[PDB]
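To begin, one chain is listed below as structure tokens, in the form deposited in one PDB entry.
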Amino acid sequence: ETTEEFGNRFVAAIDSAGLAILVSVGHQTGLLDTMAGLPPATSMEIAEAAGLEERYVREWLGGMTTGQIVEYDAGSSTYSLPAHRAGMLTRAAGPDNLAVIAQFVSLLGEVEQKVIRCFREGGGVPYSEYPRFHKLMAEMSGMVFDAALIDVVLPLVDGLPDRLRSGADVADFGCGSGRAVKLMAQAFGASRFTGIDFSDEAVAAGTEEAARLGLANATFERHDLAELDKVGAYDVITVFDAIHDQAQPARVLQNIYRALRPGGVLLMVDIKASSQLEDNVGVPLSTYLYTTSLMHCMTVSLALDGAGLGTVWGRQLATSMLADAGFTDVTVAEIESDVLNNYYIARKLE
């Protein structure tokens, strides 16, 4: 490219950056929701529907309109959210709602300055500086869990579903807020599940939902995955997007191997990307992935003097690290439902 072209590109980028933010706001406010449930309408009409300050809404619509998400009729002075677009930005779109992931732009922006300090000074930014994250992660993750865990993900392991039905001891490591555990515990009443996280927040949350639903077969424990006394205690262990952000990932992978009874199974769902940089160029979401890794997944590990592999550790490294942990039978799967993650299946001999 030449110079004129870059500026256009880079200017457009700034406009896109702003657009992202606007979408996140539309999500959190239910504007995007409200508009999907509406015909063409005026700023005041849309504000009234959403139960919001028209003024704020008016400017929102402006940005959305220039960014070509919303459509405004110059003649009638009404705005409209094209349906083909509303099914990609609304809660009702289930897993398809892309407005969720835009929330991360602001969340990452919140620590730009603390991050820049680590470029100069080393160390990293701890989890406690990202209070909003648990909720976003739960939501981002929750989309794929409700959509696909029980009927798509668990069936990737032959006979696992049957096994659960029969009864088995199952553990979710780095469980977060216990969503997957809650779904599985209702789904398989004869199996007993335990979820583990080092957060009080997550354990509280997962711990709570179960209290509410009376799911006896769900139980929650706070532990650090790098140090555990579980030996041969689980037939099945899952870990959903928790490995790359660990401080001592190889150790957790050893700790998983020990806690599995022989013939047991590890299902690690982690981000899909190459461990080689060149291979990620022009792939959608890579720039977003590296950003988050730098501003979150990469730094939170480093803050504990950890490994800091980041979000983009990749397939190659991830697999050979399962090899190193003792998993001699390892296969990688993917699903249409989740474009982001690989689904690594790893077995322990009997």
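Heads up, when I say rigid core I mean the largest set of C-alphas that superpose within 1.5 Å between the two forms. Quick note: we count residues from 1 along the sequence shown, nothing fancier.
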Which has the higher mean CA temperature factor in the PDB entry, 62-70 or 46-54? 46-54
Quick check: 201-209 versus 140-148, which has the larger average CA B-factor in the record? 201-209
Kindly indicate the residue among 130, 173, 257, 119 with the greatest C-alpha B-factor in the PDB record. 119
Options 249, 155, 178, 232 - largest CA temperature factor per the record: 178
Per the entry's values, where does residue 87 land by CA temperature factor relative to the rest of its chain, in the lowest, middle or highest third? highest
Position of residue 188 among the chain's modelled residues by C-alpha B-factor, lowest, middle or highest third: middle
By the recorded C-alpha temperature factor, relative to the other modelled residues in its chain, which third is residue 11 in? middle
With respect to C-alpha B-factor, does residue 302 fall in the lowest, middle or highest third of the chain as deposited? lowest
Divide the modelled residues of the chain into thirds by Cα B-factor and specify which third, lowest, middle or highest, holds residue 328. highest
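Another form exists, deposited in another entry; not displayed. Remarks below refer to it.
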Using a core superposition, identify the member of 107, 247, 202, 236 whose Cα displacement between the shown form and the other one reaches 2 Å or more. 202
Does residue 212 move appreciably between the shown form and the other one, meaning a CA displacement of 2 Å or more on the superposed rigid core? yes
